[PDB]
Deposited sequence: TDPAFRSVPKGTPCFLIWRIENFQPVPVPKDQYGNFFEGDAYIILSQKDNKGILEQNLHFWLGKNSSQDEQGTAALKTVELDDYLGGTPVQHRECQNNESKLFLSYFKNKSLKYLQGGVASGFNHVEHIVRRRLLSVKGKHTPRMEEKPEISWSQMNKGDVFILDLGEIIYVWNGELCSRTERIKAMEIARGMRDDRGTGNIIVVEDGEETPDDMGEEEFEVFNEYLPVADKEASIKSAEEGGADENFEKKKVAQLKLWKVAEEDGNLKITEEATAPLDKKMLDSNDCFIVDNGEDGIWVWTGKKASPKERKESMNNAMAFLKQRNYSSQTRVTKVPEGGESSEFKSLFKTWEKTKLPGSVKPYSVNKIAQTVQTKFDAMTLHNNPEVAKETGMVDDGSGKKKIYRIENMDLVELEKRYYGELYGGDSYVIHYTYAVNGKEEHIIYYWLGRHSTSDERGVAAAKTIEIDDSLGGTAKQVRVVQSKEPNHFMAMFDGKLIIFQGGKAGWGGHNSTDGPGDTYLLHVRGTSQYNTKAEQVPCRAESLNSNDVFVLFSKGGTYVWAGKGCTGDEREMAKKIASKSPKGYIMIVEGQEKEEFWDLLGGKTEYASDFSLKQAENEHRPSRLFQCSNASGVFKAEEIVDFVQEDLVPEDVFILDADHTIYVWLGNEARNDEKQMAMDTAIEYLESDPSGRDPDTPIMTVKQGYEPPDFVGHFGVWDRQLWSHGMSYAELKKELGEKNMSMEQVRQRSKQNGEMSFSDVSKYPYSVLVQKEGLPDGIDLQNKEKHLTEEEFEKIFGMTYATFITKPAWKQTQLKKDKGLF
């Protein structure tokens, strides 16, 4: 608390006035209350009692000529006093000739008078002054610098280099007989000055070329202001008259000495430490050092961890050197903190740091590889992580199909029927507590063409704009329908394999005919779908039911693993058949049934498919990729064929067989790490199954009927050219499409253990036999053939540096 506020009466009446004087409140003499100086700022406290309620008014008065430090100090101190009195006082800002009535009532005796003048401002005025000087650079080996006492041609000669420092303009004047060494050092000195200041332009001028045409008009006008060219011829000294470069350097070198200001054992001693040459390591951070350059300059180097007495006495002793030696007033003494060394200070040291023996705004991700742990896959997933439906699907929906680049509304009798070759737009309208909300689904068929997908997207936006943009647009790809979309069709959806038109028109066969097969499958009680599949025996799956329409009668085939919900939709579909359904059980297959499917061939039937989820562990699919910068593997629940991407490799867990699906466009490192991860997968499985469970690799397009069975429906028209696995086997062959099994385990083999090939083979670029390490083709030579080619044994070759090995390989064409 400010001592000037200590004696303020607390809670009792008073009337006090202070005046701001050099950032401090000074009490005004009581007999002078009412006289305010125009150039000062005051603070007035009026604690008055009124019927038992204490009135506390605080005013700070600002004269019309009061300086900023006083107005600020008055405001700041007003707040201090207000807080010191508990904050109850009310603050008032009073300007001269416009004070409030309450402030004027305090001086109702007509005692309010404005006096002229005021106390001085406490602020120091920053001037930003320029030290214009004329420096000389002269020497033979290391040219030294000296500041001339005045700026005239009389201080210059034609055999040296001179610098005219004018602040932000620097003139380097090269004498007609200056040495090349002096020219180079003066430019370093000039560049050093400019860089220490951050701004400035070096203007190089030659002796004799001090003309407006050679320097520029504005550049010469400034030069002639401080060095008129008309006075040059009379006063400019000559080369010999300027002195010998050797003496000037010899004397200034011995002129330099280094003192030490140290406080050891509490004793301050000034000790001469060394002389020229001087090196930066001579300066210790724990003490202060004085760099004596005599009349040219005195520098005080203060270390970071010096002593306060060392800091003081170092400068006082340096300031004493000026008077003892009676140096001119031009000789200055500068304080140099450690880390703020200027170029001039460094120039006094022959050795400082070291030379520079050897940035892009674009930053490339640097992610180091990590080996993926397979145990994390066995740690079970969070299948129900994100779930959310806005209603129950009982709202209003309008369904449109993309026909002839436009929208055709589907009849209400066809709701729930979609064609896999077309795209649809469904406008869902649901209400919650009377507030209508809209969702625009556009469902894109797997074989829908670009024109139909585009119209579906464009007219989705148009309906959204017809509703003011209030609707939420949802993109839905076939086979990957969200839970709310399925609930709109009461969980039952029929996807006919077909389509219409496409970029003009074609054979838009309208209907599935009379002989078609339906694949009925569901992963829950809500996503039970019936999709049209080819009428072939391989299309059957033991986990699902199938509905076979024919002109003779409709048949329902119930696989061993089918659920009750799957059979119910199959019966309801077959209930529309005027012929009547004839349900069949797997195994109880009459021969007339197979004859309508081309005959019995191998179909999707495995232990995992026949069994119910109650006993077998459900199938799991893992997508492996290094496209994220590191090889990772993630599970896909409710996995279907659309979740397979050709750029990656997948792993399927089917209890008795673990498949490794190889995409055609996948990287080789992704394939190899996916197989190594599959081996680590079952080696860590604590479920107690066979440690040598079959682990086969399956190639994209050559998928067996049991691999496709774990997925939903399978479309051979994507990667198998529409051929079934049997039809592929007939055209290509069993050993042409065989599922090779993964096995453990080359690199780091010895020279003798590597397979050997002739030099005529390894030197070729293309058409090389398999199993040749292209990065170490010299190891594929014999011990004898290596010596003949490389002129040395492989043992001495590997001792040579890596740069020489690569060059030898390039010379011999084995790179």
Missing stretches, numbered from 1 on the deposited chain sequence and kept in order: 359 to 363, 751 to 753
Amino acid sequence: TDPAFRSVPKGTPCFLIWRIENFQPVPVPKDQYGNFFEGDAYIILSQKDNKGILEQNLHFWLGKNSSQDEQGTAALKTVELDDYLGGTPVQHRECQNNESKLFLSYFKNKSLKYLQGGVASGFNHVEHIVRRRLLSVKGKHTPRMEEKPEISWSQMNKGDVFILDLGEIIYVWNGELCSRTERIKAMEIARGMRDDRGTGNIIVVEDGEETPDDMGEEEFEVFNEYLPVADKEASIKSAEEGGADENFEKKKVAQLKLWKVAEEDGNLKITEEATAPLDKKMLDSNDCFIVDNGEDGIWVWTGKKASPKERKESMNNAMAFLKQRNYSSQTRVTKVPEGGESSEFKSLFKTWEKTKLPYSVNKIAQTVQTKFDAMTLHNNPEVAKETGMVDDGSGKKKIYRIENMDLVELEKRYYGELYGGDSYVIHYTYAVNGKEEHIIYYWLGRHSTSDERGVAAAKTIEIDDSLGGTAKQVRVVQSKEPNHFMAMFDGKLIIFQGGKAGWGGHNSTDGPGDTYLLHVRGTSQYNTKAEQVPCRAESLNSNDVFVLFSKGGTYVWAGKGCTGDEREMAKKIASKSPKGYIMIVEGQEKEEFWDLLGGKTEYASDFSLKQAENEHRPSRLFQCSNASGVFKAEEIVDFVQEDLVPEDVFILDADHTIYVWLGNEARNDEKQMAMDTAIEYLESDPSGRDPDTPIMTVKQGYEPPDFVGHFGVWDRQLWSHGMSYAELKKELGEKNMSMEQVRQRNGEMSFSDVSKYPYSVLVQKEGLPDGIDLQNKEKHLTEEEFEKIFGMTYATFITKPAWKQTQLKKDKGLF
From here on, numbers count along this sequence of modelled residues.
Mean C-alpha temperature factor, higher of 502 to 510 and 715 to 723: 502 to 510
Between the two ranges 73 to 81 and 512 to 520, the one averaging a larger CA B factor in the entry: 512 to 520
From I270, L115, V161, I170, residue of greatest CA B-factor: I270
Top residue by Cα temperature factor, when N380, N174, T460, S448 are compared in the entry: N380
Entry-reported Cα temperature factor of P705, expressed as the chain third it lands in: middle
Within-chain third of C95 by Cα B-factor, per the entry: lowest
Third of the chain, ranked by Cα B-factor, where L62 sits: lowest
Chain third (lowest, middle, highest) by recorded CA B-factor, residue given as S628: middle
Modelled-residue ranking by C-alpha temperature factor, third containing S752: middle
